[PDB]
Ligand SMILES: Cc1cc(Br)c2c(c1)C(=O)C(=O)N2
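What follows is one chain in structure tokens, specifically the form deposited without the ligand.
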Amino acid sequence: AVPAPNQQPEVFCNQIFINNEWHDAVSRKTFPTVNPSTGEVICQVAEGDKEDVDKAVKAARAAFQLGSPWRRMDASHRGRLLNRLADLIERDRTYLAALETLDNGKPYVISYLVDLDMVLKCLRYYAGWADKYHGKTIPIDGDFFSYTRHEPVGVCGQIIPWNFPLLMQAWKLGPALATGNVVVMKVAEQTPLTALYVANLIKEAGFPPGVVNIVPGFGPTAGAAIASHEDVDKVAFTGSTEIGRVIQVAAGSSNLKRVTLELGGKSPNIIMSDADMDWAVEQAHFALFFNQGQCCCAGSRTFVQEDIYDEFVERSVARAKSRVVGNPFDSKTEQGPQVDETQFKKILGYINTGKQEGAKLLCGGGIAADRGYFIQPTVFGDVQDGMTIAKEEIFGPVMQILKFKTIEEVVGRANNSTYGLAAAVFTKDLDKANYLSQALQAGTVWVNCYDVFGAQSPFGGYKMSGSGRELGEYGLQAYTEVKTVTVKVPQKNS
């Protein structure tokens, strides 16, 4: 049930968004954003830098001042605004989905039915949280009345990646706005278009000027300025584990701003011998290949018990070979192109790395088309723990299938990683499910499923996959600053 797409949507926003208005970079510089399916330039976008970040931060700080419209506004009204933003996004759903695909490369059907659906659900969920994150009245010792106020953390710098442009924007804005914070957001240079159009909707929804400011540009410039800014109270970064370290260092070198990170992974998908074969094979395929393999929690280590290995691999290879690669605007297309040339080459390198390491190439392993950044669904068999393709995040359509014998063994191998974002277990046994879900050191453990995200369930990593949680009630903690008020009273009574 998908409406026909406009395969060449018009672009209306390509500037810096500050105080509900559009601005060119101070430098007047602009950068081209490319269509990964064709390798052609879509349009040019204002290149924000430190001076532009400074302007955004000031606007946000001004909007956060005591007595301002955003500060005085009823919590419930913040809820009304988020719900209005969601309605506007829904009104322009067909357009946003098409634009999302044009700039990112993912199939339009997926942008429409998945990405935008989750954006709506995310904003609508958080709109409901606006006036329900209560503080506490505390039974402190002595003749006192003690309580806590859950106040907004303040100016929040949010940096989002390119794999899920609109969704990542929603995951950030939802909890921050619901709790009354102000935002300075840095969108990915590879996919700035959809986020900038949403800014138009933010103004249309009635949000006071300066509550949400978006600055497109690059990381070493715009992103770094936000992380090192002396007046940004909190920063939330989603991207690579490498840059996450840069962000936290910047925060510690500046004003000690609160930090939360959502980084990458090398998530283990464990297939026990008693699992439903047909379901496990389809879910394992989805777990890895979804969104051109460009998912932080991709099931990149498919552990399969030795007794069902041969069959599982045979079916996985057949599924990989049938996966249609092509024009994301074509309904038959399952896999579009990678996001850009840099990623395209990085994946080709990892594919060659696997071949050099001795991993058995079962299918694919090369370029899928001459134009664009298309890579053939690739499957590696007999992968070993010590192999690079088994340790490092590839972020592409490259599957690793490993073999194991016992349940105690797989736990140790699954946990033997610096990453710990997600994990999965496929089994029909009650005990094995509980044994594994408890033992796996990962932020999310899916049982008989994969990539099941709910705005109400927290998401985040263990170890170096990140810190802090997004989504759910937990997603509000990082956007709250706690204040204790302890008042002397004549005589405290229970």
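Note that residue numbering follows the sequence shown and begins at 1.
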Quiz item: Between 275-283 and 248-256, which has the higher average C-alpha B-factor in the PDB entry?
Solution: 248-256
Self-check item: Comparing 178-186 with 381-389, the one whose average Cα B-factor in the PDB entry is higher
Solution: 381-389
Quiz prompt | Highest-ranked of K355, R301, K132, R80 once sorted by CA temperature factor in the record | solution = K355
Quiz prompt | Residue, from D340, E100, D74, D370, that the PDB entry assigns the highest Cα B-factor | solution = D370
Self-check item: Record-listed C-alpha B factor of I16: chain third
Solution: lowest
Quiz prompt | Ranked C-alpha temperature factor of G364 among modelled chain residues, by third | solution = highest
Quiz item: Going by what the PDB entry lists, where does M118 fall on CA B-factor within its chain: lowest, middle or highest third?
Solution: middle
Practice problem: Give the position of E151 by CA B-factor within its chain, expressed as the lowest, middle or highest third. | Solution: middle
Self-check item: Lowest, middle or highest third - CA B-factor, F218
Solution: highest
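The form deposited with the ligand bound exists for this protein as well; it is not shown, and the discussion that follows is about that form.
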Quiz item: Looking at 205-213, 145-153, 295-303, 131-139, which lies within 4.5 angstroms of the ligand in the deposited complex, counting heavy atoms?
Solution: 295-303
Quiz item: Which listed residue (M168, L99, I351, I401) meets the criterion of a heavy atom within 4.5 Å of the ligand in the deposited complex?
Solution: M168
Quiz item: Which of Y108, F164, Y126, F380 has a heavy atom within 4.5 Å of the ligand in the deposited complex?
Solution: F164
Quiz item: Taking 4.5 angstroms as the cut-off for heavy atoms, does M118 touch the ligand in the deposited complex?
Solution: yes
Quiz item: Within a 4.5 Å heavy atom cut-off, is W70 in contact with the ligand in the deposited complex?
Solution: no
Quiz item: How about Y435: is it within 4.5 Å of the ligand in the deposited complex, going by heavy atoms?
Solution: no
Quiz item: Counting only non-hydrogen atoms and a 4.5 angstroms cut-off, does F459 reach the ligand in the deposited complex?
Solution: yes
